[PDB]
Structure formats: C-alpha cells, structure tokens
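Trainee: My questions will all concern the structure given below.
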C-alpha cells in the first residue's frame with residue numbers, strides 16, 4: 001500500500017523530465033524510505049539514478065516496499081494534466097496493476113483522478129558508483145547548461161579536461177572550435193553560486209553532446225550540478241533535491 | 001448591398017477561428033438582421049452554426065439579404081493582416097463576386113483594403129436542434145477546455161456522463177484512465193463562474209476527443225459554455241456573444 | 001592583423017541575421033576603415049551589401065586589409081553562443097586560416113573563445129548602384145515590415161507603384177487581392193517616424209514576396225528603411241547603422 005503526495009506537483013514532473021534520455025520505461029522502486037528509479041540509454045551508455053526522500057514529499061506512506069514499473073512516455077503525458085504545483089498524490093495497492101495519480105487544487109478545489117497501467121519490467125539494478133573520482137567539481141547548473149548547449153553547436157564531441165585549478169570545456173567539430181575555461185574560486189559573495197574543484201588527478205575525458213544536453217535538461221532541479229570524473233570509469237553528474245538527488249552516469253568515449 | 005463593421009476586428013477572427021474543424025469552406029448568409037453560417041465536418045459528424053447579431057457590430061447595413069460563400073482557409077489568412085482589434089469592415093454589392101475587407105486604425109490611421117474571391121457553394125441548411133435535451137449544463141468554457149484537453153491525452157474517446165447532480169467526464173484509452181467529476185453548485189460568490197445542471201434523464205454519451213478539442217477552441221469567445229445532450233440526438237455546445245452565439249452540434253459514437 | 005570588438009554583440013548577430021536570403025557563404029572584406037561584405041541569391045536576383053564603420057564598433061584595429069571568406073550558416077551558429085549584447089571580439093592574423101570570436105561579460109566576467117574555419121571564396125564584387133533612381137522613398141522599417149508580411153499572404157508577387165505623392169503596395173494572387181495605399185506627409189510630430197517621397201518618375205515594379213520577406217528581416221537594424229526604385233534597374237532597400245548600412249538590391253520581375 002502506497003500514498004505519496006508532493007505538495008508541489010511541479011516537482012515530480014521535473015524529475016520525470018530528467019528522463020527522455022531514458023528508455024521510455026523504468027522501474028520505480030517504492031521503499032519505506034521513499035522512491036528510487038533506474039533507467040538506461042537504449043545503447044547502454046547513460047544511466048539515470050533517482051532518489052527522492054520522505055522529507056521531499058508533503059506526506060508519504062509505504063506500508064510494504066513495492067516496485068512500480070511503468071512507461072515513462074505514458075506517465076509523462078498524465079503529468080501534463082497536472083497544472084504544475086498543486087498536490088499530486090501517487091497511489092498503489094497490496095498487489096499493484098496500475099498506479100493512481102490524484103491532481104488537485106486546495107482552495108480552488110478541482111480534483112482529477114488518473115490511473116496508469118503498470119508495465120512490470122525485469123530489474124537488473126546497477127551500482128557502478130566508484131568511491132574515488134580523479135576529480136570532483138561543482139558549478140551552478142545554469143552555467144554548465146550554457147557551456148553544454150553552446151559547445152554542443154560546434155562539435156558532436158565535447159571534451160572536458162581538468163588541470164590544476166583550471167577546468168577546460170573544449171568542443172572541436174569540423175566546422176570549428178570553442179573552449180570555455182573557468183576558474184574555481186569563491187567570492188564570499190553572492191550566495192553559493194561559486195565554482196568548487198578538488199583535484200586528485202588530471203583528466204582528459206570526452207563525451208557525446210547529444211547526451212550532455214539530455215543530462216543538463218535536469219538543470220531545473222538543482223541550483224548546482226556536481227560532476228565527478230575518472231578515466232577507467234564513467235562521469236557522474238549530480239543534481240540535488242530536498243532530501244534526495246537525480247544523477248546521470250555517462251560513459252566517456254574511446 | 002452590405003456594410004458590416006466590427007469595432008474590434010479581434011472578434012470576427014475569433015469567430016472564424018471556430019472553424020478548422022470546418023470544411024475550409026462555408027456559406028455566410030447575410031440577412032437584414034445580421035449574419036449566420038453553417039459548416040460541417042467532411043465526414044458529417046460535427047456542425048458549426050454561427051449567429052452574429054446587429055448589436056454585436058459597431059455598425060451594420062444590409063439592404064437586401066445576400067449569401068457569402070467563401071473559402072475559410074483563404075478568409076482566415078486575410079484576417080492575419082488584421083492587427084486584431086481595430087475596425088474590420090466587411091463589404092459586398094448588389095450581385096457579389098468578392099467580399100471586401102477594410103482593416104484600419106482610427107487614430108493611428110493606417111487603412112488596408114483586401115478583397116476575397118467569393119466561392120459560391122450549394123446550401124443544404126440544417127435544423128437539427130431538438131427542443132428537449134435529456135440534460136443541459138453550463139460550466140465556464142475555461143474549465144471545460146482543460147477537462148477536454150486533459151482527458152484527450154489518455155483516450156481518443158471521451159465519455160461524458162450525467163447522473164443526479166454529478167457530471168462525470170471520463171476518458172479511457174489503452175494507455176490508462178482518467179475521470180473528472182464535478183458538482184454543480186453555486187457560490188453566490190465570485191461572479192457567474194458557477195456550474196449549472198438541470199437534469200431530466202441520465203445520459204451516457206461518448207465523443208471523439210479530436211472533435212471536442214476542435215469544439216473547445218472557441219473557448220475564447222464566451223466565458224461560459226452551455227452543453228446539451230440527448231441519446232438519439234447529437235450534443236450541442238454553445239458559446240455566447242454580444243447578441244449572438246457560436247454553436248457546435250457533435251454526434252456521439254455507437 | 002585584426003581586432004574588431006562590438007560593445008554590444010547583439011549587433012553583429014542582427015547584421016549576420018540579414019543573410020539567409022544569402023548564400024550560406026560570403027566574403028567579409030576587412031579594410032582599415034571597417035568591414036564590408038557581399039552575398040548574392042543562389043539565382044542571382046538579390047544582393048546584400050553590408051558596410052560597418054569604425055564608429056560602429058567599440059574598438060577596431062586592422063593593420064593591413066584582409067578578406068574573411070566564411071560560411072554564414074556556420075558563423076551564424078557560433079553567434080548563438082553569444083548571449084547577445086556583451087562584447088564580441090573578432091580576431092584574425094597576418095595570413096588567416098580561421099577567424100576567432102571572443103564573447104565575454106564585463107562584470108559577470110565569463111569569457112569563451114570560439115574559432116571558425118575560414119572558407120576562402122572567389123570574389124566577384126559588384127557595383128550596380130545607379131546614381132539616379134526614378135523614385136526614392138523612406139518609411140519606418142516597422143510599417144514596411146507589416147505591409148510586406150501582410151501582402152505576402154495573398155500573392156507571391158507584390159507590386160509596388162509610386163504615383164505623385166501616393167505610394168501603392170499592391171499584392172494580387174489568385175486567392176484574392178490587397179492594397180495598402182499611404183501618403184507621404186510629415187507631422188512635425190512624434191519623432192522622425194514620417195513618410196518621405198521624392199519622385200522623378202512614376203514606377204510600376206513588382207517583386208517576389210519570398211525575397212521581400214528576406215529583405216525586411218533586417219527590419220530590426222534600423223528604425224527607417226529607404227527604398228529606391230527604377231525601371232531598367234533593381235530596387236535598393238537600405239537599413240542604416242551607426243556609421244554604416246545594410247542594403248538589399250533586389251531585381252524586379254518581367
């Protein structure tokens with residue numbers, strides 16, 4: 001039995017919005033301590049791990065863990081009915097064949113009850129997170145969003161390279177080149193909105209932009225994206241939430 | 001001879017905007033007491049009846065009734081030249097081969113004179129309005145607009161059913177279900193913006209959404225759409241105007 | 001050697017925006033006194049001549065004249081990286097194989113360095129400007145923009161005709177007709193925003209709208225477009241700049 005309600009329906013949509021570089025389809029494991037999901041690129045090159053905690057909801061109740069396999073595209077659509085930011089409630093039962101979605105308005109007071117036919121897919125769950133990453137850095141999602149979108153113009157292949165206190169975003173296609181090169185630093189100034197690099201190694205990794213754009217789509221979710229990168233491993237892009245995160249592991253080329 | 005001028009050109013466009021689920025083509029019967037038109041779906045399943053009264057214009061003059069058969073799509077385009085909301089004048093003569101359209105600005109004072117080649121089509125005019133409808137109801141266009149657009153996601157086939165003081169909008173496609181269920185009621189409160197049901201029978205009618213969306217397009221014209229529904233008959237959706245209406249008769253499935 | 005920096009990057013984009021009815025490709029001759037370019041329709045019917053002066057830049061330095069042949073579409077894209085209105089710097093060297101573009105923010109202080117592979121195209125440069133034009137007129141770009149876009153609906157062929165103190169923009173396709181007829185005049189009133197006709201002859205010229213729309217795209221650049229027209233010759237549409245212009249010579253039909 002499950003009753004999970006976001007105060008602000010806007011949220012769950014945004015989260016679901018971070019698929020679509022995900023395989024139209026996904027399992028939503030609903031434990032006692034919230035929800036997690038796992039989607040993978042059709043060619044197994046990007047992985048989206050989601051985690052939403054109890055404190056992220058307005059109210060949450062899961063009596064016994066239940067796994068909600070569903071078709072994203074489909075669930076995506078139902079979320080359109082959602083006038084975003086008022087009171088999506090998710091619901092399921094002892095044995096679930098469909099998940100129920102209750103949008104609402106509290107004091108305009110119009111409630112609609114949509115159900116989605118549950119898919120039931122086979123769940124090979126992955127734990128590829130490394131402990132140590134050659135480099136970690138975290139800049140504000142919004143900036144990264146441009147740097148991605150901007151380089152994505154020139155090249156199909158965006159190269160990220162970190163040198164001592166120097167991060168270099170370099171795209172080089174056949175039409176031309178471009179490079180964004182930015183300090184860490186920290187202004188004691190605005191708010192956070194600063195650049196944070198802790199380096200253990202140099203790195204020279206290069207990723208398909210097509211994916212980067214699909215990653216940075218979840219730029220809306222956080223203020224600040226944390227990137228981790230290592231040679232023999234993939235890169236981890238992390239957007240943070242009230243008491244959970246959305247994260248994209250994306251394999252580098254070569 | 002005809003000289004018909006809307007003060008606000010915005011209007012006539014909006015009205016013409018309620019075709020397009022109409023057959024690119026239509027007769028515009030211009031009597032002494034205003035204009036009426038009649039379009040039908042290519043497959044004869046939707047009917048759009050328009051009526052615009054004298055009081056709806058800023059000025060109107062028809063010396064002898066005249067029938068203006070014209071190509072909507074074409075006339076639609078000329079209306080684009082219209083900076084909406086300033087002084088469309090329609091014009092025609094004793095025997096008409098083209099209708100003239102004079103857009104203007106009163107005190108910016110730029111006038112443009114467009115003519116449209118009159119089509120001349122054969123006019124089987126229909127009077128299928130029943131006297132008694134099993135149920136009448138009227139809610140605010142804007143709400144209905146969502147309920148239509150929203151259910152239109154899940155199903156291709158939206159079912160409207162009225163039970164004693166309970167209207168149920170139910171869409172059930174193969175991807176999932178959805179149901180919007182709303183009271184009548186009346187708040188003595190805001191303005192009108194209330195829900196009005198007078199029931200004589202239960203009804204369980206189901207219509208193609210594809211059409212419903214084409215009907216609710218004319219949501220802009222009124223504040224409040226009046227729906228009438230009966231079993232052996234079609235449904236009548238009515239948007240109201242200064243001294244006239246636009247209305248869609250749409251046949252139910254089965 | 002070249003260092004050319006617009007204070008407001010917005011500008012150079014807008015200028016480049018006035019191609020696309022230009023052959024994806026163009027030479028940019030960078031003299032000591034600024035830049036000029038010349039593009040032509042693939043079928044040689046429209047010509048775009050650009051001239052940007054020193055005073056139009058924030059700073060400009062050309063040590064010896066250099067010619068920058070480049071692919072518009074490509075250069076167009078790099079300009080997207082430009083958050084329009086902050087500090088595009090163009091750069092090239094003694095012998096140039098690529099032009100470098102430095103976007104910036106002055107006190108947000110994020111700099112990106114893009115290079116574009118220089119094309120090298122063969123330069124047949126044209127000087128078809130007549131001295132005397134049967135008629136000159138200049139109205140505000142914005143008005144002309146509508147009159148073009150509006151007539152462009154009815155016809156494929158827009159006819160401009162100037163009679164004594166009467167300019168007549170007439171489109172007549174097969175769907176219908178339209179005519180915009182406007183006085184010169186002058187209100188000593190608003191600002192400029194007046195209509196200016198000096199006539200030496202009648203004219204009855206007719207141009208492809210498809211092009212007119214491509215011409216009036218550069219409506220953003222000036223407030224006021226100057227049109228010149230002569231029978232045996234093409235028409236000259238001129239948009240004006242800080243210390244230069246963009247201009248379209250377009251041949252009339254027949």
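Per the header of the entry, the method used was X-ray crystallography, 3.8 Å.
Placement of Cβ uses the backbone N, Cα and C atoms for every residue, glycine included.
Feature annotation from Swiss-Prot assigns DNA-binding region to B:61-80; the stated evidence is sequence analysis. As annotated by Swiss-Prot, SUMO cross-link applies to B:127, B:164, with the evidence given as experimental evidence. The annotation ubiquitin cross-link is assigned in Swiss-Prot to B:164.
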Trainee: What same-chain residues, at least 6 away in sequence, bring their CB to under 8 Å of the CB of residue B:164 (SUMO cross-link)?
Mentor: B:199, B:202
Trainee: What three-state secondary structure does DSSP assign to residue B:164 (SUMO cross-link)?
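Mentor: Reduced to three states, the DSSP call for residue B:164 (SUMO cross-link) is coil.
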Trainee: Long-range same-chain neighbours of residue B:127 (SUMO cross-link), Cβ under 8 Å, sequence gap at least 6?
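Mentor: Non-local contacts for residue B:127 (SUMO cross-link): none found.
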Trainee: DSSP says what for the DNA-binding region (B:61-80): how many helix, strand, coil residues?
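Mentor: Summed by class, the stretch gives 9 helix, 8 strand, 3 coil.
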